[PDB]
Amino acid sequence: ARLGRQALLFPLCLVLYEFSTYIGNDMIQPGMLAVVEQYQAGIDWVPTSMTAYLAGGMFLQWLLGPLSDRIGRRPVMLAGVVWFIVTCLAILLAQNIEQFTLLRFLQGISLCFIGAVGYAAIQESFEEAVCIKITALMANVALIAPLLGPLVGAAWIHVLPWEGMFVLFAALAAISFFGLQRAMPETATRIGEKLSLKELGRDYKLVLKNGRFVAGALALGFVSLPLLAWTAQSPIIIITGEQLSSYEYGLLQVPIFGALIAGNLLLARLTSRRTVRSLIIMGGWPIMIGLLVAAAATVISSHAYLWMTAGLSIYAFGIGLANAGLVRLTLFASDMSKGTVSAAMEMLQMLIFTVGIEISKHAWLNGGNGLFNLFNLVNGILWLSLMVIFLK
């Protein structure tokens, strides 16, 4: 007898899935030093784990939304959960870092199911008032994962093997599979209809023609790249770069991702009395000053990692205050299907993350902290350059 508890279990398991796909990245980065050392791979493969994971995350959004609309939101979502489980277990059999990285890419495809079909079902199932509550919980999980992940991941690889992490990801996903199997409704409104890739290609051609949309989408990518670059490389900057331990590594996540949360909590308070664009200008100050301080500090003094951390913290506060607003404006910058717009901007900004982490990596390998931070400053400037057009 499940109908009252169904209204709560369905969003909970999707959030559990969202959480485990997220720590599936955030727990793995600290443990990536163990992985590299166990394959004898070289530290340059540490950020590439995330690069491949995110590259998979942009692989199928365009398809999965309209496909699940045609064949069912249940069978497509459940397939994504199974896929994550199977690919999480398959990585234990990887014989080199290339195979590890390749499965890391296959595991990344699991992210595409969250918004394009999972959240689509939340939109199609719940009232606007309840939908807001669920979206908020999804946002709170997206804030906790990149703080919990590195802390728990650093602690994990001093007692347990990295393999065990993937067992944990598959287990949490397995729990969410059984929960979704019982509780998820079937809310696809086009079951039976034919899907036309040629027609769908025209939809994505039309959104890319929208100048104001593309400007906002790229800006979201550019502005979050410093934060994503830090997540990817902080294990190699702090531990192998600065010759520090796991404690320092983990400790330095607190002011940065704490600052992110602080930026979101203030946004929540200030939202009723500030327009979206004023919050973008408001948050722009800590973003620019933060990135500028981190750059200036590590150019004049290469090993000033506390000044770098403080710079990223001030920057992160700006991101928490500005991003949610810019996401909103970008969505409504294109008067086209919300499924296509969301998939487009999710896809576009992740193109920037994947390429950006790779350039970021080479910046640090060839120039250390100074060139790592300077590249992050360029990204801020590119976000700011786009904002003066996008806003004025």
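Sequential numbering from 1, following the sequence displayed.
Of the two segments, 286-294 and 69-77, the one listed with the higher mean B-factor is 69-77 (C-alpha atoms only). Of the two segments examined, 34-42 and 354-362, it is 34-42 that shows the higher average Cα temperature factor in the deposited entry. Based on the entry's C-alpha B-factors, the most elevated value among 121, 215, 102, 228 belongs to 121. Of all the options 220, 207, 232, 261, the entry's greatest CA B-factor is assigned to 207. The deposited CA B-factor of residue 336 belongs to the highest third of values across its chain. Among the modelled residues of its chain, residue 144 has a C-alpha B-factor that falls in the middle third, as given in the PDB entry. Annotation for residue 9: CA B-factor lies in the highest third of the chain's modelled residues. When the modelled residues of the chain are ordered by C-alpha B-factor, residue 154 sits in the middle third.
When the modelled residues of the chain are ordered by C-alpha B-factor, residue 307 sits in the middle third.
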